[PDB]
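This report refers to the structure that appears directly beneath it.
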Amino acid sequence: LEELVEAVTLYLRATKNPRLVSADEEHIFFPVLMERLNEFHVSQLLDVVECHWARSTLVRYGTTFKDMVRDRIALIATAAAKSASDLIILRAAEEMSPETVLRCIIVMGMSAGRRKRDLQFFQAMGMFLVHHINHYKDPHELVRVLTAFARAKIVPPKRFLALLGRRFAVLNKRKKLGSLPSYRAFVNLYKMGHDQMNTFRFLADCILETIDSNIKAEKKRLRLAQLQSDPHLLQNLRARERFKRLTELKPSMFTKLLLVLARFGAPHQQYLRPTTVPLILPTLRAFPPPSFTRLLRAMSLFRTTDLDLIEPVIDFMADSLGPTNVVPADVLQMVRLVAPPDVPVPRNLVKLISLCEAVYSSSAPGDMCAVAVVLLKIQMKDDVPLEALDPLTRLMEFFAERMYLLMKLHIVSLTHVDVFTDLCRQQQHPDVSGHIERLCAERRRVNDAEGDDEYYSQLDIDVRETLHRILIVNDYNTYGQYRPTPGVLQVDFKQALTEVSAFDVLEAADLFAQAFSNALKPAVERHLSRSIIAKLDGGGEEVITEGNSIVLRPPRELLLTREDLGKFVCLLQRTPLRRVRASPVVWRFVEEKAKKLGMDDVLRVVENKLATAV
Amino acid sequence: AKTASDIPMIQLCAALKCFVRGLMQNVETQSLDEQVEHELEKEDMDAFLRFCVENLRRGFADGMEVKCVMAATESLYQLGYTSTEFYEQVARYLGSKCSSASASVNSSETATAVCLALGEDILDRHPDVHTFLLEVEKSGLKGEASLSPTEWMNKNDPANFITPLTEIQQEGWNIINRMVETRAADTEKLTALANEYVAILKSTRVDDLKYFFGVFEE
Amino acid sequence: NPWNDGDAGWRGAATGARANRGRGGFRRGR
């Protein structure tokens, strides 16, 4: 037994290098061990299991090995339970030990996935861990157990997680739990649907006590010392290092913790006020824009009304970020944050208004509607001078003219126009330019002449949905191209483009170009160009089915009439897609269709475009 | 501090009195290290006191009795809140209520301590508040400073139903319930039950009479 | 709000402030 155990452990530890994985040796060893594992103790089996497993070795012999040892461990544990109520079953009580259960959880948790046998086995060891929980004294082992369960994608019973949290509470005195393991446990418990708020309260307390202890330690060091008695990039790095030293966590994860606490309804006084001065303020400059947005939404949900935090953030955004660099979403979130009447008025509201004007005038629907609502909320306050609202009046007139343009294009929904008109009516706005009156007259003509039905029949629903999805992908919070667009969003956009014909997509792209100039991202333009090229190439399109299998769908026969193809040529001329405009395949297909239909001017244009391309 | 939302002013004052009464004993401080820790705890205490004065300002906004503001200022000075702006608001509020107040209801010891707590410059700016505090401390109530926080809450604000009932109070409530269940026509049983109630009226809650009289109405 | 966890607290407590905002006459009696 000992010789075979040593040999198999030596081979398993030698299999760390992929060059040392051999088929002959594994074929010699694994079945011989397979037939004799009924003579092996649970400790020996776990020692064999714990050694490193090669991927090929795991797929060829590892999975069945683990399943059989799991079955044997379940059998010996059942025998031990019956006793409490190859001679190994006779001594099953001693073999099944709490340390054995803990190491089994740690090892098989990170090695198993979403399987039925794994689920049953894990439920068995969870019941046995409930039986032997009280013996463990290091909460880090429980944290590792929770992480293993999270990897396994299996949710134990709620009472089990409550017991684990109570054990965390009990064991924390003897051995304090670190802030990073506390964060990991918090994420795991939130992901596995643990509703009980007490564990979240305890974990937040465990994080905050460590943070304030470190802050007090540095302050007492400074006080004892005094009793005895690119530069921007460098400052950002130093601030990040200080924050990581104090909180033992990256700023993004701290901000997402704060956002989670805000979502769960925790008070702002006990979780933002203590950390505002030492943590948030000095590290604010080095935050990534995603962390900026998360923190802004955290303050919004927390209903924070402390100018001590509000004013420096506005000062940083106005003087250290610049209007061109700050995403308008964060600016809108800040304006909503200062909107509520209970929020005291900061002394630098004019800076925020000027930044809003600069950002929303340099760039060039529902967004304008919400902007108008929050401007109304700001104007409701009596501490706002009229002259400071004078630029906001011009902003609202700009929005009115933009709606004047959108109503002519039959793109904007009339409900948003009604909401905007109601806003201007309840604001008693001084419509000096009169564009609001012209908008109301055009809305009256819409309601009287054609109606909403004819207005919505002016265009195609497919084009509208393609435009909406294109705008959503383009307006996704990439935070100034800081983060690449998600692969899941890429797949969703590709699926949306696949189900829609090329002509509708081109019409949507032309409408987007007309409405917004130079507002299309390079990635979305490349995606649209690839979709159109694949559609018109004749080689088919790659579609990801419900089984996640790539299938070559043949291109749909676009039955284009003479007028329809002339419109297609016009859209090709007016599209912002340079690749599509210069694509020889599209022009060749248009030439073929023109030859089949028999028009001469389109043929001449296609010939000239092909000559220029070649 | 965590579970403090929509705090009645009386309950906040009672909690402040409890915090004051549980203050640590003062000993000679080692000037090297542990006095630094003393200041380190003092700043946290001051932050908690700032959280408290937030609700104090809220209570000023909605409206509070003079007894509540006097007790809150007493406790805040005893713990230590040297802002000199909140005290200006306190003096302003007392000046607002100076005419519509009675010196025969407030506490003399509280008046002396709050007059000491409020700076002489603040009283110089507000003379009517100074006269009112002088009148209260010269003529008022004595003995309300040594009362336990629960006794202070009960005497100051009845109908709180926070502390558990004693045996005599529970017996009185049982008598009230049995009177309620009894029919109106049966005058003898009601007379007997009322006579039983008034035999222990001294040891029962004063506010509970509002229920007792109600039976006579129903 | 999940953080409340089925605890009305001071808004649903027995304090005199909450007991002084109703006009029933206290006739039937609790």
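Protein chains in written order, with the authors' numbering: chain 11, 193 to 277, 321 to 464, 523 to 657, 685 to 934; chain 9, 437 to 654; chain 13, 109 to 138.
Idealized CB from N, CA, C, for every residue including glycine.
Output needed for residue i: all residues of its chain with C-beta closer than 8 angstroms, excluding positions within five of it in sequence on either side, in chain order.
i               : result
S248 (chain 11) : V213
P581 (chain 11) : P544, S545, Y799, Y802
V910 (chain 11) : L885, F888, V889, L892, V922, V926
By alpha-carbon positions, which one of the options ends up nearest to residue i?
i                     : options                                                            : result
residue 655 (chain 9) : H474 (chain 9), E607 (chain 9), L637 (chain 9), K625 (chain 9)     : The first residue shown for chain 9 is 437 and the last is 654, placing residue 655 (chain 9) beyond what the model contains.
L492 (chain 9)        : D482 (chain 9), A553 (chain 9), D560 (chain 9), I443 (chain 9)     : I443 (chain 9)
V240 (chain 11)       : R205 (chain 11), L267 (chain 11), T270 (chain 11), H219 (chain 11) : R205 (chain 11)
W907 (chain 11)       : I870 (chain 11), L856 (chain 11), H219 (chain 11)                  : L856 (chain 11)
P616 (chain 11)       : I603 (chain 11), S655 (chain 11), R578 (chain 11)                  : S655 (chain 11)
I573 (chain 11)       : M700 (chain 11), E774 (chain 11), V606 (chain 11)                  : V606 (chain 11)
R349 (chain 11)       : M362 (chain 11), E334 (chain 11), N369 (chain 11), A383 (chain 11) : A383 (chain 11)
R556 (chain 11)       : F232 (chain 11), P571 (chain 11), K455 (chain 11), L589 (chain 11) : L589 (chain 11)
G361 (chain 11)       : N797 (chain 11), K393 (chain 11), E330 (chain 11)                  : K393 (chain 11)
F403 (chain 11)       : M610 (chain 11), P391 (chain 11), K372 (chain 11), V628 (chain 11) : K372 (chain 11)
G555 (chain 9)        : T465 (chain 9), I611 (chain 9), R486 (chain 9), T520 (chain 9)     : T520 (chain 9)
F484 (chain 9)        : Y564 (chain 11), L709 (chain 11), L645 (chain 11)                  : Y564 (chain 11)
Excluding sequence positions up to five away, which residues of its chain have a Cβ less than 6 angstroms from the Cβ of residue i?
i                      : result
residue 508 (chain 11) : Between 464 and 523 in chain 11 the model has nothing, and residue 508 (chain 11) is one of the residues in that span.
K578 (chain 9)         : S544
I446 (chain 11)        : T540
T586 (chain 11)        : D623
At a Cβ threshold of 8 angstroms, is residue i touching chain 11?
i               : result
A595 (chain 9)  : no
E580 (chain 9)  : no
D469 (chain 9)  : yes
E556 (chain 9)  : no
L476 (chain 9)  : yes
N109 (chain 13) : yes
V489 (chain 9)  : no
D115 (chain 13) : no
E524 (chain 9)  : no
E473 (chain 9)  : yes
Would you kindly report the start and end of the unbroken beta strand (DSSP E) that includes residue i?
i               : result
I870 (chain 11) : 870 to 873
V642 (chain 9)  : Taken as a continuous stretch (DSSP letters only), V642 (chain 9) belongs to no beta strand (DSSP E), as it is neither H nor E.
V624 (chain 11) : Premise fails: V624 (chain 11) lies in the alpha helix (DSSP H), 621 to 631, not in any beta strand (DSSP E).
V863 (chain 11) : 861 to 864
For residue i, decide whether its Cβ has a neighbour in chain 13, counting only Cβ atoms nearer than 8 angstroms.
i               : result
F557 (chain 11) : yes
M432 (chain 11) : yes
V642 (chain 9)  : no
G650 (chain 9)  : yes
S441 (chain 9)  : yes
Can you tell me the Cα-Cα spacing of residue i and residue j, whole angstroms?
i                      : j               : result
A822 (chain 11)        : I852 (chain 11) : 6 angstroms
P210 (chain 11)        : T256 (chain 11) : 21 angstroms
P223 (chain 11)        : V380 (chain 11) : 31 angstroms
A385 (chain 11)        : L878 (chain 11) : 49 angstroms
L759 (chain 11)        : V752 (chain 11) : 14 angstroms
residue 666 (chain 11) : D702 (chain 11) : Because chain 11 is numbered from 657 directly to 685, the model contains no atoms for residue 666 (chain 11).
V651 (chain 9)         : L629 (chain 9)  : 11 angstroms
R252 (chain 11)        : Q236 (chain 11) : 21 angstroms
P416 (chain 11)        : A437 (chain 9)  : 27 angstroms
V572 (chain 9)         : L530 (chain 9)  : 13 angstroms
Give the range of the alpha helix (DSSP H) segment to which residue i is assigned.
i                      : result
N838 (chain 11)        : Unbroken run through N838 (chain 11): none, as it is neither H nor E.
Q447 (chain 9)         : 445 to 457
residue 149 (chain 11) : Because chain 11 here runs from 193 to 934, residue 149 (chain 11) falls outside it and cannot be looked at.
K372 (chain 11)        : Note, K372 (chain 11): premise wrong, no alpha helix (DSSP H); not H, not E.
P110 (chain 13)        : It is not in any alpha helix (DSSP H) - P110 (chain 13) carries neither H nor E in the DSSP assignment.
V691 (chain 11)        : 686 to 700
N928 (chain 11)        : 920 to 933
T617 (chain 11)        : Where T617 (chain 11) is concerned, there is no enclosing alpha helix (DSSP H), given that its DSSP letter is neither H nor E.
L476 (chain 9)         : 470 to 498
Report all residues from its chain with a CB closer than 7 angstroms to the CB of residue i; omit the five preceding and five following residues, and keep chain order.
i                      : result
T546 (chain 9)         : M506, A507, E510, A581
residue 684 (chain 11) : In the model as presented, chain 11 runs from 657 straight to 685, which leaves residue 684 (chain 11) without coordinates.
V693 (chain 11)        : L743
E827 (chain 11)        : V783, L891
Could one say the Cβ of residue i lies closer than 8 angstroms to chain 9's Cβ atoms, at least one of them?
i                      : result
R458 (chain 11)        : yes
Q563 (chain 11)        : yes
residue 499 (chain 11) : In the structure shown, chain 11 runs from 464 directly to 523, leaving residue 499 (chain 11) without coordinates.
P637 (chain 11)        : no
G124 (chain 13)        : yes
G130 (chain 13)        : no
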